[PDB]
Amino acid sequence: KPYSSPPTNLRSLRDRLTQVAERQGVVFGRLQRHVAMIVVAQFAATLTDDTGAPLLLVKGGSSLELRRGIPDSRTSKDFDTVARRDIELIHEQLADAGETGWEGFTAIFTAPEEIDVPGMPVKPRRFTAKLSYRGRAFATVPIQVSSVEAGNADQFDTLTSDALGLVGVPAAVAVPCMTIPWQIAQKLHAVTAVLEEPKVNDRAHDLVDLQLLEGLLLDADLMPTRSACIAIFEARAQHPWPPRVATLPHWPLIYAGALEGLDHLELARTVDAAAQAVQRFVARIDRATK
């Protein structure tokens, strides 16, 4: 019943995925995106400095999915990361890793392009991983890489997933991730940011993720989070800490979209209530002292 040998080919891989997905009550494409992200994460985890410490830390929706599992996280499409080396090093090192492969998977990477960002001195980079399994195209993963901000690569959490185990690929999964205080600081900054009026802030989904991150801090001391929030807001030199969690007129349905699949969790059910919850979190962070 549990596969004793790895999938012999793509078709066998897809067949085992659909079985696992049906078995777990998960959408096939969701499980497939998760497995592909994991494979890319394993490539990224081979990138170390000359002391063996990670060069790339995972963040964003991939991190939340690793922290909470598929049933308890938003569907997201990006593999978002933070690097401690230049993009040119990162892209070249990833391409090598993807050529060497991992457990039958290989990847080729499109070229990095810069993206518009006002608070980062170094512009983020974005490209794509074309994944294959035993020679045959398998999946596409959008990748984003941003440079360090303040202390947000000083430490990392190491998370895992058994999804590849469940389809007969047993090699341990271990993914270095940006820690929760920095995920909170960056999402709080993004969800409260005011953009230039050609552009509009659509990040209502960050209100969902911020509730999930507050839940994951449990009763932790908030002081590291407060320090991280201060550091990110001062570093970006835009709106000041503590921000106001405002809602824009088009956010009600975006927030509703972001709740898809999470009916079983205790989340704010309306964007107003979500803004109120995250504002209370902001105040709670700001109160921290010891």
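For every residue, the number given is its place in the sequence shown, counted from 1.
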| query | finding |
| --- | --- |
| Greater mean Cα temperature factor according to the PDB record, 149-157 or 79-87 | 79-87 |
| Which of 3-11 and 280-288 has higher mean CA B factor, as the PDB entry lists it | 3-11 |
| Residue with maximal Cα B-factor (values as given in the PDB entry) among 96, 162, 72, 214 | 96 |
| Of the residues 172, 177, 107, 208, the one carrying the largest Cα B-factor as recorded | 107 |
| Lowest, middle or highest third - CA B-factor, residue 143 | middle |
| Residue 117, C-alpha B-factor rank within chain (lowest, middle or highest third) | highest |
| Lowest, middle or highest third - CA B-factor, residue 272 | lowest |
| Third of chain Cα B-factors occupied by residue 190 | lowest |
| Residue 200, C-alpha B-factor rank within chain (lowest, middle or highest third) | middle |
